[PDB]
Each structure stands twice: as C-alpha cells, then as structure tokens.
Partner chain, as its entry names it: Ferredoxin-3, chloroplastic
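First comes one chain, alone, set out as structure tokens in the form deposited without its partner chain.
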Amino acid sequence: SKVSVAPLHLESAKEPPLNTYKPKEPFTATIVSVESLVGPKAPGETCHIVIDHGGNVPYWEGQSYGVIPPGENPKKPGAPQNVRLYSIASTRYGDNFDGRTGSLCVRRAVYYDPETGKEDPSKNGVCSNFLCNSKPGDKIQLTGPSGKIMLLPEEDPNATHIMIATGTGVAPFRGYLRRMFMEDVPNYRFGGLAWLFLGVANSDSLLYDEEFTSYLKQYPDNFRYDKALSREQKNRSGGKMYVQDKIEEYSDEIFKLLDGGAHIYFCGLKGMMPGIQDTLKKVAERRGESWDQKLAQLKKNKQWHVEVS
C-alpha cells in the first residue's frame, strides 16, 4: 500500500515556500548520495542527487532549488558563482519519507569540440559536474526554493494531468507521481488520470523507468506511461522519435482530455516546444480545429504549464 510519510505538518502551509534562503546567505546542505541513473549506452551521464536540508528548506512539488557551486564568478572577480536552478525530483517528504531531504536529477553538461569530438573539461558545465561529482558528506550551498509555474493543482483530486518531459525535465513529474501514487498523503487522494510522456535518447537513458513502470501495475486505471526513444525509434515522417510524435499517436485522446479540463505540463529542453506546437497545430488542422484558439483557451483556463530551458 502507500508509504507512510512524515511530518504531516508539511501539508499545513497554504502557500508554497519561496526564497527562504537567498544567494548572499545560502543554506549549507549536505549530500546524502549521488548515483548515476543511466546505463553505458546513454550519450551523457545523468545523476540522482539526494541532499539533506534537515527540514530547513522545505518545498512543494514542482519547485526548484538553487545551487551556488563553489568558486568565483568568471565574469566578476571576487564574486561568488551565479545560482543554477534544479527542478526538485522528490516530493516534499523526500526520498527518505521524512521531510529532511530533497533530490535533484542532473544532466552533466560536457563540452566536445564540434569538429574533432575532443573533450575540453574547462568548458564543461560548472554546477552540473560539481553536483554529479559530489560524494556523501559534501556540502552544497542551497537557495530558494523558487518557482510556482509547475506547482501541482490539487483543488480537484480527480483532475487529469498530462506530463510531457524530455530528459531531466522528468524531475517535477517524479515528485508529482510519488505524491499521487506512492506516498500516504491523507489530504490528497488522487483519483484522476496521470499520463507521463518521456523522451530520452535510448533505453539506457531512461530515468526512473522502474518506478514509473511500477505505477502501471499498481494504478492501471489512473496512470499511463509512454516513452519516445529518439535514437532507437523514428516518427511517422522519418525523423527521430520525439515526444511530440508520441503525443500525435494519442492525439484524439489528448484533445478530448484537454477539452474536459486536463492540465498539461511541459518540462525539459526548450527546443521541444516548437516541435510540440507544430504537431498540435497539425493535429488540430486534421480535426478541423484552430490550435491557436485552443491554446488561448487552455492558457485562459490555467491548463497549460511550461518550464523549459
């Protein structure tokens, strides 16, 4: 059955925490664990980082933590590094179900010369490698939490939530789905439909697949899960299989759900949004509908939730 979580007082706040810690005085959190999420054929390393905040930096699902990596700002001598934001991949209780930890899902940014393929560690991403190189006991300067765009609308516990992720964009949805399905949260009993679409390069690049597959077996009437493996599958037009192509496969169901009030969420690569928009326009056209008019209504009705970069 559902996993006991504590403390229940994390359900009491009526508003999300915001900017509890600020860059000039971050919270010094401690790494609990860092593990790779991916297999040897993944094009890059993505890691799962568990951070002990001690209950000092609570958050709601869908929010981000800021991390200030060590060092000086290259563009401002004497200044600390800029905050990098990471979407929290855990529920407010965290992976130890105790309200003391939060988790990040971090892609290592690695630079390769476009011509030679030669790696250049000096051009790698500072914070992502800092995080995935961390070890238990290391300290992390945390700020935030921040963000409200991806907060989960809970007013209707039987709402439909269609979640579209590319890569580490799956982060908030891991938290949504644990709250919907895994954790014993007496004041939020989800009875709607949650539908996760996840795009990753190949099978070795899947993130949390065992967890999501378990929900299909535990909640077959409330959870659907579709994957687009870009380098293992091709779309109807001959391009790599992206999430927009999986959305197209279920266009009639998705449009009906949206017309019925479903929320739809997009997280991950900013580059996926033009492709999604093009696909949805084409689907609407085939149905004799205007996508522009539909999207305007979804935005007016607060059904459309995008956080990409």
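Residue numbers count along the first chain shown, from 1.
The following text describes the form solved in complex with its partner chain, which does not appear among the structures shown.
- Judged against its partner chain in the deposited complex with a 4.5 angstroms heavy atom cut-off, the residues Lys256, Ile264 and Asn301 are out of contact without exception.
- Under a 4.5 angstroms non-hydrogen atom cutoff, its partner chain in the deposited complex has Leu85 among its neighbouring residues.
- In the deposited complex, its partner chain lies farther than 4.5 Å from every heavy atom of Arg189.
- Taking the partner from elsewhere, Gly125 is found to have every heavy atom lying beyond 4.5 Å of its partner chain in the deposited complex.
- Contact annotation for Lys14: none of its heavy atoms lies within 4.5 Å of its partner chain in the deposited complex.
- Comment: its partner chain is not present in this chain, but in the deposited complex one of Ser146, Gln141, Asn129, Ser230 has a heavy atom within 4.5 Å of it, namely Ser146.
- Residues with any non-hydrogen atom within 4.5 angstroms of its partner chain in the deposited complex fall in just one of 170-178, 232-240, 101-109, 76-84: 76-84.
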